[PDB]
Amino acid sequence: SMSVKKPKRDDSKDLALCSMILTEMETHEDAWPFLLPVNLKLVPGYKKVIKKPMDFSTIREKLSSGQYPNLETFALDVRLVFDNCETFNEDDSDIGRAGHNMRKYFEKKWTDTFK
């Protein structure tokens with residue numbers, strides 16, 4: 001509360017560490033459905049159904065330009081990518097299975113790096 005502060009968790013490396021995780025996600029062989037925004041003109045239904053589209057390229061631009069206030073807002077965008085994928089793709093499709101694999105990959109890196 002006023003003038004009473006919990007000890008300072010060192011966040012000085014968070015930017016560099018999120019960037020490393022994002023590089024590893026970008027270079028995974030199952031990253032291909034997630035590298036660019038879904039094309040809203042060519043994919044019927046996507047625009048109306050998926051209220052907040054997200055992809056790896058958009059996260060990388062946000063991260064390079066100071067648009068994440070902290071490491072948690074970065075993790076929320078990564079999870080948004082896989083939540084959108086589960087919303088629109090069958091589990092037993094190539095893109096559905098890719099999304100489950102990538103989510104697993106991300107959450108292990110997240111816990112190993114920060115928890």
# chains A, B, ... in the order shown; residues from 1 in each chain; ligands from 1
>>> residues_around(residues="range 1-11 of chain A", least_positions_apart="4", cutoff="9 Å", atoms="only C-alpha atoms", output="PyMOL selection string")
chain A and resi 15+70-71
>>> residues_around(residues="residue 54 in chain A", least_positions_apart="3", cutoff="8 Å", atoms="only C-alpha atoms", output="list in words")
residues 37, 58, 59, 77, 78, 80, 81 and 84 of chain A
>>> closest_residue(among="A:29, A:40, A:35, A:75", to="residue 109 in chain A", atoms="only C-alpha atoms")
A:75
>>> atom_distance(atom1="CA of residue 106 in chain A", atom2="CA of residue 82 in chain A")
10.2 Å
>>> select_by_dssp(residues="range 18-80 of chain A", states="helix (DSSP H, G or I)", output="MDAnalysis selection string")
chainID A and resid 18:26 32:34 46:49 56:64 71:80
>>> closest_residue(among="A:105, A:88, A:34, A:114", to="residue 50 in chain A", atoms="only C-alpha atoms")
A:88
>>> closest_residue(among="A:64, A:87, A:93, A:111", to="residue 19 in chain A", atoms="only C-alpha atoms")
A:64
